[PDB]
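>>> pasting an experimental structure, sequence included:
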Amino acid sequence: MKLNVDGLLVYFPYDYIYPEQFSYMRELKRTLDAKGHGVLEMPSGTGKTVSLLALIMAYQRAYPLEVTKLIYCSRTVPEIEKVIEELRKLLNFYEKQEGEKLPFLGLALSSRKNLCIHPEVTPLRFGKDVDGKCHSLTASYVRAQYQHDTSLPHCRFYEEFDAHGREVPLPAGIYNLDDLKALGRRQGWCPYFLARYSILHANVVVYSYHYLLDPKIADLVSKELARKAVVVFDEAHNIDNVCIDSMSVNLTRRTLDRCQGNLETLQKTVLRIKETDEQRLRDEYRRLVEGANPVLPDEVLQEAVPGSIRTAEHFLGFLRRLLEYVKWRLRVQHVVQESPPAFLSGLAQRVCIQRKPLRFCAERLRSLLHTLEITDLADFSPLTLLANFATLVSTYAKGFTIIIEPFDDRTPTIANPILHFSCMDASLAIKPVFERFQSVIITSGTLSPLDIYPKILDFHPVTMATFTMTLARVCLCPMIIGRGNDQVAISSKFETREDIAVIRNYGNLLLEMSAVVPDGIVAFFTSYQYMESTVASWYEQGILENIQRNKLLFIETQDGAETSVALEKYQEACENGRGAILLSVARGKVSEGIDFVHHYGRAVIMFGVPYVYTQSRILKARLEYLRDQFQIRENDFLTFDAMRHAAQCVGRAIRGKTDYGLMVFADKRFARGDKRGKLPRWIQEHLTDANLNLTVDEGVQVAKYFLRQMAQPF
Amino acid sequence: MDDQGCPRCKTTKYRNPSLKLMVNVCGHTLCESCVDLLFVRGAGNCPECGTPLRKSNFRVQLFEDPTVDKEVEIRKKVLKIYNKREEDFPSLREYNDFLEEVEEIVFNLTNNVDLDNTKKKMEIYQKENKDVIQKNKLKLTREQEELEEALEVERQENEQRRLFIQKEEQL
Ligand code: SF4
Ligand SMILES: [Zn+2]
Ligand SMILES: [Zn+2]
C-alpha cells in the first residue's frame, strides 16, 4: 500500500487507511516541512503509531539531512514494547518491498533493572539496587582492579563490550528489549550499553519520558548529537505532571534521619580511607582545584569551580550544616509555609550557607562519593536526594516553591512531616527539549483541548488540528447520565458527596448497566475515600448484593500487589462468562497503566467528574502560579485537569481493531457545555444532544439497543 | 531538641524541648536548668571541664547537634573577617581559595588550638582593616538593607494584587 502523499510517496503495511489517517499524515508532513514544534491529537490507541512511523521513515528517506533520527517516547515499557512490535512489522514490510536490507537501525532503551544478564543482579528487582550493583561492578576502581586481574567478582560483560563493541557497532536491525537481552547473552555484551552506544548511530530510538526529561539521566543520552531530530511523545497528555515530577523532590523526617546515619557512615569511611590510602585519593583535590547525576539542565548547569567545599571534611561539614537546617525547618510545627527565595535567603543568613557554594553541592557529592570507593550508592541514595534538593534550591526558585507540611493529610497527628519542593510550571524543565530539538511532536490520545498546552508549556505550535475517528460503523456511543429514576441531580459535588439519594442512583444505574452490559465492565470513581464510602453504602443497602449476583465484583486498593492480583482475576472473569465489574480510581496507577481492548472494559462507567481534593497545598502553588503567569483561570485549569483525566480514563475502550464499546458518564456535570467543549473532539462529535442527559432507564435502554446494533457483523 | 539529654541533668530534654543550647568558650550542650546550677556555684565555670568564663559566656542557640552549634557560632565570628566580595579579585582561583582558608580556619578553631588562628587573625586584622575590611562591612550592610527593601517591595506588590482583584470582583 503506497500512498501518494502530497509531500511524497509513503509506504504503508496495512491494506486500507481511514480519512482521519490521511488528515493525520498531511498535517504531520506540514509540521515536518515547517520544521517547527507542534502538537496534534489522534483518537485511536493503535494505528497512530504505524501511521506516524511510516510517515517519519518516508520523510527520512526523502530528506535524510533534514531529520537525523526519530526519538519516539511512550509512557511505559509494556506499552513501548507494542510500539517496537509495530516498527518491526513496518520494517519487515518495507524490506520485502525493497527486496534488500537498508542502513536502518531501530532500538528501545530500558533500565538495567528491566534488562540485564548478570546473575547477581537478576534476583533483585529494586531499581536503585540494580543501579548501585551495576555501578559497583563497572566502577573505575573495579575496572582498574580487573586490569590487575585479582581474585574478585568482576562483571565480564561490560569489559567484553568495551573490548569489542567499541571497535564494531551493530550493522542494523530491530531489537525488542527481550530480544536484545538474548543478543547480549549470546555476544557476551550489555543489552543496555550496546543500545546506549547505538544511540550514536541509530535511526530510531524509543524510551520513556524519564529517559528524556529529568536532567540527571536524560541529558547524557540526549546530548547535542541529535541537534535536528524528530522527537515525538506519544499519549503524552499527562506530560506536565511527569515533567513536574522530574523536578519535585520530597524530603521527609525518616529520609533525613537515614541521611544523617549515612553521613555518619561517610565520616567513618573517610577516616578509614585517610588511615589506609590518602595520597592517591587526595589527587582528587588537585583535579577539583583544576575544575546520581546533576539535576541542572544544559544551560543552567555550571562547572566553574566546586566552591568553598574543596576537601572531604569541608564538604561533610557543609552537608551537616544544611541537614541540620533542613531538620529544624521541618521540625517546626505550623501551618503550611511556602518560600521559594526566602528559604534560600534564610538558610544563608541562619546557617551561613552561601548559594554559590550550595550550587555545586550535588556535583561535588558525586565526585567525592566516587573517591570513597563505596560499596554501592543504594545505601547513600537518601543523601544524594537531599544533595539534589540542596543544589536545585540554590540553582533557581523563580518558577519553583518550597512547601513545608508539619502535618500530613489523612492523619490528625503524625510524627512524619514532609517537605515538598513541587514545581509550578513544566516549561522550565521541558525548555531544553524544545530548544535543542528542531521540532517536537506531542502526539496524544484523549487530549483535552490543545489551546491550553501552549500556555502551560512555552512553545509556538505550528499546527493545531483535532482528528476525529471515522469508520463505516459507529464503534463508540458515549452517553452522559445526569438524571436518575427520581429525576434528581446526580452531580458528585463535595457538598453533594454525602447524599444517600445520589449514591443510591449510582448504585441502581450500575446494577441495571451490569445486568444489560456483556462481560467486562470498569467503573472509575474520583478518590479512594469516596469509592469506599459509596461501596459501604451499597453494602448496607441490598444493591451491592444484587450486583454481586448479576456479575462478579472486584475493587482496587492502594497496594500494587492486591491491584495486580485483582486485575489478573478480572481478566479471567472477562474471558469467562461470569463477567466482572472493576471499581478503580481515576488517579490510580492502574487506570493509566492498564489498556482496555475488545471484550475488556466493554462499557466504561465514570462515577463523578474526577477532581483532586481542594486541600492539597501543592496544587495551590501549581494553580495560583499558573493564574499569575500564563493567565489561566483557576477554574479553567481545574476543569481542564478533570476533563483531561476523564478522557484518559475513558478513552481506552476504543484501543483498536474497531472493537465496539460505550462510555457512560454518570454525572450531570459532563452535560455542561464547558465540560463537553473541553472533551476531546472525536468523543464530543459522536455525542449528541438527544442522548446528552438521558435518565438512568433511558440510558440503559439505549445502551442495550446500541449493543444489539454492534453485535451483528459489518 | 533531639539530643538524649544534658550530660548531667538529662531530664528537661525529655519532659519538654523548650530549653535551647547555650554557647560558651568551651563549646557545650548547656541547658538553662543547668545554667542556673552553674550560676549558683562558680558563676561561669564549666562543671566537668572547669573552663573559666568572664560573664557566664552564655548566648542562646537552636540545633540538636552540639558540633553544629560550635561550628555555626565560630563561623558567625569568622564571617566578620574575610568578608571581602568575590569580585574584588579578578583571579579565578582566588575567588574560592580564600574561602577554603576561611573554612580551614573554622575547622581549626573547632577542635585544634586557636592560638595560631588568633595570631594569624591579628595579622589579617592589621593589613586588611587599613582599607578593605571596613569597606566590605559597608557594602554588606548596603546589600542587607536593599534585600530587606526588596522583600518589602515584593510584599507590597502581593497585597496590591490581592486587594485589586477583590475590588475587581466587588466593582
Ligand atoms: S555491567 Fe552490564 S551485565 Fe554487568 S550488571 Fe551492569 S548492565 Fe548488567
Ligand atoms: Zn538539664
Ligand atoms: Zn566543658
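Okay, I see it. Numbering: from 1, shown residues only, chains lettered A, B, ... in the order given. Ligands and ions are numbered 1, 2, ... in the order given.

>>> what helix or strand does the residue of chain B found nearest chain A sit in?
Going by CB to the nearest CB, chain A is nearest to residue B:99 of chain B, at 3.7 Å. For the C-beta atoms, the positions are set from N, CA and C on the backbone; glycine is no exception. Secondary structure assignment for residue B:99, by DSSP states H and E: helix B:94-111.

>>> send me that helix as CSV with only the CA atoms.
Coordinates of each C-alpha in helix B:94-111 appear next as CSV, following Å, rounded to 0.1, in the frame of the first residue of the first chain:
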residue,chain,number,x,y,z
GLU,B,94,41.4,33.4,44.4
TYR,B,95,37.6,33.6,44.3
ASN,B,96,37.3,30.5,46.5
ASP,B,97,40.9,29.9,47.7
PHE,B,98,40.4,32.4,50.5
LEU,B,99,37.1,30.8,51.3
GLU,B,100,39.0,27.5,51.6
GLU,B,101,41.4,29.1,54.0
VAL,B,102,38.4,30.5,55.9
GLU,B,103,36.7,27.1,56.4
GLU,B,104,40.1,25.6,57.3
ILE,B,105,40.3,28.3,60.0
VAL,B,106,36.8,27.4,61.2
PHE,B,107,37.7,23.7,61.4
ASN,B,108,41.0,24.5,63.1
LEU,B,109,39.2,26.6,65.7
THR,B,110,36.5,24.0,66.4
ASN,B,111,39.0,21.3,67.7
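
>>> tell me the helix or strand right after that helix.
Sequence-wise, the next helix or strand downstream of helix B:94-111 (DSSP H and E) is helix B:115-129.

>>> other SSEs contacting that following helix?
Contacting helix B:115-129 under the criterion 3 or more CB pairs under 8 Å, 6 or more residues apart in numbering or on different chains; DSSP states H and E are the following elements: helix B:94-111.

>>> tell me the secondary structure at the closest residue to chain B within chain A.
Nearest to chain B, among the residues of chain A, is residue A:308, at 3.7 Å (CB to the nearest CB). Assigned by DSSP: H, G, I helix; E, B strand; the rest coil, the conformation of residue A:308 is coil.

>>> please name the nearest non-neighbouring residue to it.
Beyond its immediate neighbours in the sequence, the residue positioned closest to residue A:308 (CB to CB, 6 or more residues apart in numbering or on different chains) is residue B:99, lying 3.7 Å away.

>>> for that neighbour, what are its contacts?
By CB atoms under 8 Å, 6 or more residues apart in numbering or on different chains, the contact set of residue B:99 is A:307, A:308, A:357, B:82.

>>> number of residues surrounding the second one?
Pointing back at residue A:308 there. Other residues within reach of residue A:308 by the criterion other CB atoms under 10 Å in any protein chain shown amount to 24.

>>> quick check: residues of chain B near ligand 3?
Among all residues of chain B, those adjacent to ligand 3 (criterion: CB under 5 Å from the ion) are B:26, B:46, B:49.

>>> got the angle between the helix holding residue B:99 and helix B:115-129?
Per axes from the mean of the first three to the mean of the last three CA atoms, to 10 degrees, the angle that helix B:94-111 makes with helix B:115-129 is 140 degrees.

>>> ok and the residue in chain B nearest ligand 2?
Shortest chain B-to-ligand 2 distance, computed as CB to the ion: residue-wise this is residue B:9, at 3.3 Å.

>>> in chain B, which residue sits closest to ligand 1?
The minimum distance from chain B to ligand 1, using CB to the nearest ligand atom, falls at residue B:96 (36.5 Å).

>>> separation between that residue and residue A:357?
8 Å (CB to CB, to the nearest Å).

>>> need the residues touching each of those two.
Shared contacts of residue B:96 and residue A:357 (CB under 8 Å, 6+ apart): A:307, A:308.

>>> ok, now how distant is the most centrally placed residue in chain B from ligand 3?
The residue at the geometric middle of chain B, judged as the C-alpha nearest the mean C-alpha position with CA atoms, centre = their mean, is residue B:76 (3.5 Å). Separation of residue B:76 from ligand 3 (CB to the ion, to the nearest Å): 20 Å.

>>> excluding its backbone neighbours, what's nearest that residue?
For residue B:76, the closest residue by CB to CB, 6+ apart turns out to be residue A:352, at 6.7 Å.

>>> show me what contacts that neighbour?
For residue A:352, the residues meeting the contact criterion (CB under 8 Å, 6+ apart) are A:321, B:72, B:75, B:76, B:79.

>>> next step: the residues you listed restricted to helices.
Using DSSP state H to define helices, the subset of those located there is A:321, B:72, B:75, B:76, B:79.

>>> which parts of chain B are strands?
Under the criterion DSSP state E, strands of chain B are mapped to B:21-23, B:59-61.

>>> hmm, the last one touching chain A?
No. Counting by CB under 8 Å from any CB of the partner chain, chain A has no neighbours in strand B:59-61; the shortest distance is 10.9 Å.

>>> just the first one next, same as before
No. Using CB under 8 Å from any CB, strand B:21-23 never reaches chain A; the gap is at least 12.1 Å.

>>> which residues are in contact with that strand?
B:28-32, B:35, B:57-63, B:66, B:69-70, B:73.

>>> sitting in helices, which of those residues do you find?
Filtering the contacts of strand B:21-23 for membership in helices, criterion DSSP H, returns B:32, B:35, B:66, B:69, B:70, B:73.

>>> the third one and residue B:44, how far apart?
Taken as CB to CB, the spacing of residue B:66 relative to residue B:44 amounts to 19 Å.

>>> cool, residue A:568 as well?
74 Å.

>>> quick check: bridge partners of residue A:522?
In this entry, residue A:522 is beta-bridged to residue A:582, residue A:604, by DSSP bridges.

>>> same check, this time on residue A:107
When bridges are taken as DSSP bridges, the partners of residue A:107 come out as residue A:175, residue A:205.

>>> give the contact list for it.
With CB under 8 Å, 6+ apart as the criterion, the residues that contact residue A:107 are A:174, A:175, A:180, A:195, A:198, A:202, A:204, A:205, A:206.

>>> quick one: the fifth one and residue A:106 touch, right?
Read it as residue A:198. No. Counting by CB atoms under 8 Å, residue A:106 is not a contact partner of residue A:198; they are 9.5 Å apart.

>>> enumerate every residue touching residue A:368.
With contact set as CB under 8 Å, 6+ apart, residue A:368 has these partners: A:284, A:312, A:315.

>>> quick one: it is in a helix?
Yes. Judged by three-state DSSP, residue A:368 forms part of a helix.

>>> re the thing from before, select only the buried ones of the contacts of strand B:21-23 in PyMOL?
What follows is the PyMOL syntax for the buried subset of those, where burial is set by 16 or more other CB atoms under 10 Å in any protein chain shown:
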select buried, chain B and resi 28+29+30+31+57+61+63+66+69+70+73
